[PDB]
There are 2 protein chains.
Amino acid sequence: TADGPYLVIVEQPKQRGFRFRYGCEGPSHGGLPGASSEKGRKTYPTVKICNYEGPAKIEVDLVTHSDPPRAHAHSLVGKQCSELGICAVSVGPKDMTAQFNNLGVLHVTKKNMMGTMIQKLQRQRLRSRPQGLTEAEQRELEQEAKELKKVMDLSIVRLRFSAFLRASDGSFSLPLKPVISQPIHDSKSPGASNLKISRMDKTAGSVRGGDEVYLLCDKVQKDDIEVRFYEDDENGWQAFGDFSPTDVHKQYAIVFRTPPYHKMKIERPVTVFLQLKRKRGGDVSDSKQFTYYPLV
Amino acid sequence: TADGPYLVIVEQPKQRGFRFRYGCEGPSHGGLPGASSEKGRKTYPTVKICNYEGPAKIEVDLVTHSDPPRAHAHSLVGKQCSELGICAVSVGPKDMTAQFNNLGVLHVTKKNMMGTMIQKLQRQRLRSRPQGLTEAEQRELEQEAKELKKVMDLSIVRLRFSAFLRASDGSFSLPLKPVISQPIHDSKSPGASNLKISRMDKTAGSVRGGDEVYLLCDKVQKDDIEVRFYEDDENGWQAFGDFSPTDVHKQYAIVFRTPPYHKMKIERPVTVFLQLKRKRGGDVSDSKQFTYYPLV
DNA sequence: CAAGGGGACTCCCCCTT
DNA sequence: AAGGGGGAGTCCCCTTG
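Draft legend 1. Seen up close, the state of the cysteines. Tallied over the entire structure, the rule returns two disulfides over all chains. Put simply, A:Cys81 and A:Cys87 are joined by a disulfide, and their sulfur atoms are 2.0 Å apart. In this structure the cystine formed by A:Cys81 and A:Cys87 twists about its S-S bond by roughly 105°; its chirality is therefore right-handed. Take B:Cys24: it sits in no disulfide, and the sulfur closest to it among the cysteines is that of B:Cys81, at 19 Å. According to the relative accessible area criterion, B:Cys24 is exposed, its value standing at 73%.

Here it is, written out as structure tokens:
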């Protein structure tokens, strides 16, 4: 069961909106916010130790998106942080919640990746033999690095919180179970981010369809994009906008013809939803309302 | 025109649509077309020697956009061309026209600009002293390069045709006047492309204006773009679209409200033009028609 | 391949406060 | 400067023939 002391993520990071920064760009470009942040009501990743009150140390580090949680080529930078990418905070005996309001992600160069990665692999399995390392092991350490650089997603990271309860000594030597956050996408990384409908020229139509709408959106590859018109309650009607890739303008607009509603001769207007859908994927835009009107 | 023999550009290069290629990208990415090219009917830069029939040699090279024509950091690459960027063709005594259907522009790196530059300058003022060069002159040769690299536009080039009449010897040793073409813009270079109206949602209105139009365009700068609605008669009637920069969507759409026509209570619809205008500049889109209708 | 095109990786900036 | 953002280089790739 839960019974023993455990860490819990009180407020997860934003899965979508964060830009990873390269070494060149700067260290002061803004902190990884919470999933609940708004331009004014800002929130930061928070975690809490439950089933214990007292002095404690929580540390965060970047791990892979892969279930087997291996350390990431990327490093966390900030006021609280080590050079190895490890951020450490102290919870007072009163307040067992730790906020991380200044977390940045240093984006490793593909020319950098292996050296930066063996450095980490060293630091990590050098306490396993603290005097030195064998060439045999250093050959095989480079072997992990290589096989990891071939599969490693540099667009997606996960925060890993490792909580440590300070003992009687003064030593923060007791471990808790490590808690991994949900994935974090690089917003300035290849597409597949948050589909957005900025505005559309019409929000209404006849039940017949064929009415041409100009839809302004965030970047949508002609390849992977549709215009899904659906009702959710009513056993899920679904139909699509009538557009050729030529009709998707510089990946920021769609000129499409509305589809007909499933049931003609409706006595009165029927409100439906439309949304962007990646057919290749399954992601969706924030859906807007559309009204279908009756005939003559 | 000069009585003596002279070159004339029969068909100029396309001022607008050509991409300059970097060394990495490839050598086979398409030839600099004529100002008259279409996707069916393709045309290439052509020049002719007039006021002479016989064997002759025409060579093309890239010169600065600056009126005093200096050799450009960029080089011409192709089937006909030298490593120094100089393309050479031979006109037989019958046909005194030279077509250049395979001209590419190698785009120099900013890290390689000075070296590539001193190389064409050595080549150029090494025939002025063909045994060697003085360090003093090589100090001052580097001085030309430096002062040129400060002011050189790497987005704009001009073709320079140098025609040479073969003499009795067999030597193509007689010069004609060199003819410089109109400027050639890098299409994949910063801003300053052709304002284009892709499509608009409405082409019509009431004389009253205030009708909202969604216009899809090529990239425009939010601050320094406008929507000029004008009548061709030098009466000048001109007015503008109504929109905030917020209304210019990801620089590829404009949502604006039509202006009122100058003269209300017309009894017949009046056709006007609208166009994009850079107010900062004076560059215009290809203008589309708009119809103003009467009231109630 | 030729003849086009489009879209990442690293970096370099600018507006706002 | 802290806390956002878009732009620009050079490159590394895709359409159709």
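Draft legend 2. Quick peek at the relation of the copies chain B and chain A. With an axial shift of 0.5 Å and an RMSD of 0.6 Å, the rotation relating chain B to chain A amounts to 179°. On the angle and the small slide along the axis, the relation comes out as a two-fold axis. A share of 94% of interface residues in chain B that are also interface residues in chain A marks the association as one of identical surfaces.

Draft legend 3. Main features of the interface of chain B and chain A. Taken together, the contact pairs 16 residues of chain B with 16 residues of chain A. Of the roughly 1400 Å² buried between chain B and chain A on both sides combined, carbon and sulfur atoms contribute 57%. Area buried by chain B at its contact with chain A is led by B:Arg199, B:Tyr214 and B:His249, which between them contribute 44% of it. The interface formed by chain B and chain A holds six salt bridges in total. We note a salt bridge from B:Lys250 to A:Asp218, for which the minimum N-O separation is 3.0 Å.

Draft legend 4. Examining the domain arrangement of chain A more closely. Along its sequence, chain A is carved into domain 1 (1–188) and domain 2 (192–289). Using C-alpha coordinates to define each centre, domain 1 of chain A is positioned 40 Å away from domain 2 of chain A.

Draft legend 5. Representation of the protein's contact with DNA strand C. What surrounds DNA strand C is a group of 21 residues, the closest being A:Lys110, A:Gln251, B:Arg19, B:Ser28 and B:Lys188. For DNA strand C, the backbone makes up 56% of the atoms found within 4 Å of the protein, where backbone means sugar plus phosphate. Measuring from a phosphate oxygen of DNA strand C, one finds a side-chain N or O atom of A:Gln251 at 2.5 Å. In the model, a base oxygen of DNA strand C is placed 2.8 Å from a nitrogen or oxygen of the B:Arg19 side chain. Its residues assigned to classes, the surface near DNA strand C comprises four nonpolar, eight polar and nine charged.

Draft legend 6. A look at the packing of aromatic side chains. Counted under the stated rule, the structure contains 21 aromatic pairs over all chains. Considering the side-chain rings of B:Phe18 and B:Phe20, the 6.4 Å spacing of their centres and the 50° angle between planes classify their relative orientation as tilted. Here the two residues B:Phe18 and B:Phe20 agree in accessibility, since each one is buried. For the ring pair B:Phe229 and B:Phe256, a centre distance of 6.0 Å and an interplane angle of 90° mean the geometry is edge-to-face. Separated by 27 residues along the polypeptide, B:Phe229 in strand β16 (residues 225–230) and B:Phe256 in strand β19 (residues 253–257) bring together distant segments of the chain. B:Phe256 gets classed as buried once you look at its relative accessible area, which sits at 0%. Three or more aromatic residues joined by ring pairs form one cluster here, namely A:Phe229, A:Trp237, A:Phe256, A:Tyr261, A:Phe290 and A:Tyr292. Its end group placed over the ring of A:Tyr230, A:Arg228 keeps NZ or CZ at 4.3 Å from the ring centre.

Draft legend 7. Up close: the protein's contact with DNA strand D. The immediate surroundings of DNA strand D are formed by 22 residues, with A:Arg21, A:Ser28, B:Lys110, B:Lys188 and B:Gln251 found nearest. For DNA strand D, the fraction of atoms within 4 Å of the protein that belong to sugar or phosphate moieties is 49%. At 2.9 Å from a base nitrogen of DNA strand D is found a side-chain nitrogen or oxygen belonging to A:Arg19. A distance of 2.5 Å separates a phosphate oxygen of DNA strand D from a polar backbone atom of B:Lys110. Considering only residue class, the surface near DNA strand D consists of four nonpolar, nine polar and nine charged.

Draft legend 8. Region of interest: a nonpolar patch on the surface. A contiguous nonpolar patch, built from A:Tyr6, A:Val8 and A:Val10 and spanning about 220 Å² of accessible area, is present on the exposed surface. Looking at where A:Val8 falls in the secondary structure, it is placed in strand β1 (residues 6–11).

Draft legend 9. Summary view of the sheet that holds strand β17 (residues 238–240) of chain A. Residues and elements named next belong to chain A. What the five strands build is an open sheet, ordered β14-β21-β20-β16-β17; its pairing is mixed. Two strands close off the open sheet at either side, each with one partner strand: β14 (204–206) and β17. When strand polarity is set aside, the average angle formed by the axes of neighbouring strands in this sheet is 35°. Pairing analysis gives five bridges linking strand β20 (residues 270–277) to strand β21 (residues 288–293), with the strands arranged antiparallel. Its bridge partner lying in β21, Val-272 is registered against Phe-290.

Conventions we followed
Residues numbered from 1 in each chain as written, not as in the entry; some residues may be left out. Chains lettered and ligands numbered in written order. Heavy atoms only, no water. Disulfide = S-S within 2.5 Å. Buried < 20%, exposed > 50% of the residue type's maximum accessible area, 1.4 Å probe, protein only. Least-squares fit on C-alpha atoms. Contact = heavy atoms within 4.5 Å. Buried area = accessible area lost by both parts, 1.4 Å probe. Salt bridge = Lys/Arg side-chain N within 4 Å of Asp/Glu carboxyl O. Domains from an automatic or database assignment. Near = heavy atom within 4 Å. Polar contact = N/O pair within 3.5 Å; in protein donor to acceptor, adjacent residues only side chain to side chain. Nonpolar A, V, L, I, M, F, W, Y, C, P; charged D, E, K, R; others polar. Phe/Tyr/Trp six-rings, centres within 6.5 Å; stacked < 30°, edge-to-face > 60°. Helix = DSSP H or I, 4+ residues; strand = E, 2+ residues; numbered from the N terminus. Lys NZ or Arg CZ within 6 Å of the ring centre and 35° of its normal. Patch = residues over 30% accessible without salt bridge, like charges linked within 9 Å, V, L, I, M, F, W, Y side chains within 5 Å. Areas by Shrake-Rupley, 256 points an atom, 1.4 Å probe, with all protein chains shown as cover. Pairing = 2+ DSSP bridges. Axes fitted to C-alpha atoms, helices over the stretch in contact; angles between N-to-C directions.

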